[PDB]
């Protein structure tokens, strides 16, 4: 698939500004005010969305655990495993999802995917 075209098409369809998009190969980024950017890229034949959050302190993670666990248990139907995945590295808590092939061919459908992913980002940002 042509991911730049899919993404640009998704973003005018929902009336997003064009200035938020930055880009030959991986990856595409969408800037958001006071939020981590959404990264999009073809990763081994599948469209992948991810967001890097500054790793919370261990104490903040404990106090926010219940809320974060509820977020991670929420179904994400566009995902190959029907979940959003949370990955931890030394520096980041990374939200990650691999999108099903059925949803990467239509810019209108893909906009709803990006918007639901953003909503998940919003909830996580709220408790960090």
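Positions refer to the first chain, counted from 1.
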Highest mean C-alpha temperature factor of the two stretches 102 to 110 and 10 to 18, which is it? 10 to 18
Once average C-alpha B-factors are taken from the entry for 86 to 94 and 66 to 74, the winner is 86 to 94
Top residue by Cα temperature factor, when 38, 80, 27, 59 are compared in the entry: 27
Going by the deposited entry, which of 48, 32, 55, 51 has the highest CA temperature factor? 32
How does the C-alpha B factor of residue 128 compare with the rest of the chain: lowest, middle or highest third? highest
